[PDB]
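Colleague: Residue numbers (PDB author numbering): 2 to 227. Note that beta-carbon positions come from the ideal geometry of N, C-alpha and C, so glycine has one too.
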Ligand SMILES: OC[C@H]1O[C@@H](O[C@H]2[C@H](O)[C@@H](O)[C@H](O[C@H]3[C@H](O)[C@@H](O)[C@H](O)O[C@@H]3CO)O[C@@H]2CO)[C@H](O)[C@@H](O)[C@@H]1O
């Protein structure tokens, strides 16, 4: 494995199919992750965060294009209306301390260039586990059954539409989770336009306080075009 401690450190993994990012985007507090280069599995070995109500970081693994940095042959960005299947698998190891979540972060925008972000697009999160009383942004607008489980639907109308699906009960793993079901629900709600592009599928841990001991493993994402 390799240890990453730099704020914006990254490593291509799984033959370039995915990329792992330390991503300490909202704080100066220290954080390191130990990464398996073949699998992309990583454990947060250190996290001095104590950021109050604002996220300190989001160590993650992703498929696609994150702020212009794309993985190898992901087939993304690709219009939502041109998607027929989007699947993902992940196994997370939770901890009993700190304030954090274990969640997917999926980015959409009207344009194909993601170098400057996703303004005017959407961010769809899928929260699988958490600790410390953290809550999604915005307000809960519904509770819906999708892809084999039940989810609270949280929405915030920011520079981009924020949609977070929070499982009614925590879990530590998903296998071939139907991401397209979530995208379809968000489109139905008017939060994502079919003409918009899916840029990236990411998962990891949003950290507010602490986080050492959390582990991400068995990541996979596949996308099938129509
Ligand atoms: O490294 C490239 C660019 O990163 C920008 O930071 C973003 C992070 O990369 C991204 O993971 C994070 O996503 C947040 C999202 O903002 C929030 O709404 C959601 O609830 O949680 C996600 C996970 O924490 O967003 C930030 C900021 O948009 C840097 O801002 C940029 O300078 C840098 O080039």
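Any chance you could list the alpha helix (DSSP H) runs of at least 4 consecutive residues sitting entirely within the region 114-199, in chain order?
Modeller: Entirely contained in the region 114-199, the alpha helix (DSSP H) runs reaching 4 residues are, in chain order, 180-189.
Colleague: Please state whether DSSP places residue 15 in a helix, a strand or coil.
Modeller: The sequence position of residue 15 within the chain shown is 14, counting from 1. Residue 15: helix per DSSP, three-state reduction.
Colleague: Taking just the CA atoms, how far does residue 72 sit from residue 213?
Modeller: Translated into the one-based positions of the chain shown, residue 213 becomes position 212. Translated into the one-based positions of the chain shown, residue 72 becomes position 71. Each residue's Cα considered, the two are about 26 Å apart.
Colleague: In whole angstroms, what is the alpha-carbon distance linking residue 205 and residue 21?
Modeller: Locating residue 205 in the chain shown gives position 204, where the first residue counts as 1. Locating residue 21 in the chain shown gives position 20, where the first residue counts as 1. For residue 205 and residue 21, the distance between alpha carbons rounds to 9 Å.
Colleague: Are the region 166-185 and the region 2-19 in contact at 8 Å, needing three or more beta carbon pairs?
Modeller: no
Colleague: Rounded to whole angstroms, what's the CA-CA distance from residue 64 to residue 160? Just pull it up for me.
Modeller: Within the chain shown, residue 64 is the residue found at index 63, counting from 1. Within the chain shown, residue 160 is the residue found at index 159, counting from 1. Each residue's Cα considered, the two are about 23 Å apart.
Colleague: Quick check on residue 53: buried or exposed, where buried means 16 or more other Cβ atoms within 10 Å of its Cβ?
Modeller: The residue you call residue 53 lines up with position 52 of the chain shown. Exposed.
Colleague: With a Cβ-Cβ cutoff of 8 Å, do residue 207 and residue 62 count as a contact?
Modeller: Here residue 207 corresponds to residue number 206 of the chain shown, with the count starting at 1. Here residue 62 corresponds to residue number 61 of the chain shown, with the count starting at 1. Cβ atoms of residue 207 and residue 62: not closer than 8 Å.
Colleague: Which same chain residues, not among the five before or five after residue 116, have their C-beta less than 6 Å away from its C-beta?
Modeller: As a position in the chain shown, residue 116 is number 115, starting the count at 1. Apart from the 5 residues on each side of it in sequence, residue 116 sits with its Cβ closer than 6 Å to the Cβ of 69 in its chain, given in chain order.
Colleague: Assuming contact is defined by CB atoms lying nearer than 8 Å, are residue 132 and residue 101 in contact in what I supplied?
Modeller: The residue labelled residue 132 in the question sits at position 131 within the chain shown. The residue labelled residue 101 in the question sits at position 100 within the chain shown. Taking 8 Å as the Cβ cut-off, residue 132 and residue 101 qualify as a contacting pair.
Colleague: Looking at residue 128: is its Cβ nearer than 8 Å to the Cβ of residue 166?
Modeller: Along the chain shown, read from residue 1 onward, the residue named residue 128 stands at position 127. Along the chain shown, read from residue 1 onward, the residue named residue 166 stands at position 165. Yes, Cβ-Cβ distance for residue 128 and residue 166 is below 8 Å.
Colleague: Between which two residues does the beta strand (DSSP E) containing residue 222 stretch?
Modeller: Taking the first residue of the chain shown as 1, we reach residue 222 at position 221. Start and end: 216-226.
Colleague: Tell me, to the nearest whole angstrom, how far the beta carbon of residue 12 is from that of residue 3; I am working on the premise that it is less than 8 Å.
Modeller: Along the chain shown, one-based indexing puts residue 12 at 11. Along the chain shown, one-based indexing puts residue 3 at 2. About 6 Å; that satisfies the 8 Å criterion.
Colleague: Please list the terminal residues of the continuous beta strand (DSSP E) segment that includes residue 33.
Modeller: Within the chain shown, residue 33 is the residue found at index 32, counting from 1. Residues 32-36.
Colleague: Got a sec, what are the start and stop residues for the beta strand (DSSP E) residue 66 sits in?
Modeller: Numbered from its first residue, the chain shown carries residue 66 at position 65. From DSSP, the beta strand (DSSP E) with residue 66 extends over 61-67.
Colleague: What's the gap between the Cα of residue 238 and the Cα of residue 209?
Modeller: There is simply no residue 238 to check, as the chain begins at 2 and stops at 227 in what is shown.
Colleague: Taking the C-alpha atoms as reference points, what is the distance between residue 164 and residue 130?
Modeller: On the chain shown, position 163 is the one that residue 164 refers to. On the chain shown, position 129 is the one that residue 130 refers to. In a straight line, the C-alpha of residue 164 is about 16 Å away from that of residue 130.
Colleague: Is residue 224 near residue 16, with beta carbons less than 8 Å apart?
Modeller: As a first step, residue 224 is located in the chain shown; it is residue number 223 there, counting from the start. As a first step, residue 16 is located in the chain shown; it is residue number 15 there, counting from the start. No, the Cβ-Cβ distance between residue 224 and residue 16 is not below 8 Å.
Colleague: Tell me the DSSP secondary structure of residue 83 in three-state form.
Modeller: Within the chain shown, the letter at position 82 stands for residue 83. Looking at residue 83 - three-state DSSP - the assignment turns out to be helix.
Colleague: Less than 8 Å between the beta carbons of residue 137 and residue 215, yes or no?
Modeller: Here residue 137 refers to the residue found at position 136 of the chain shown. Here residue 215 refers to the residue found at position 214 of the chain shown. Contact: no.
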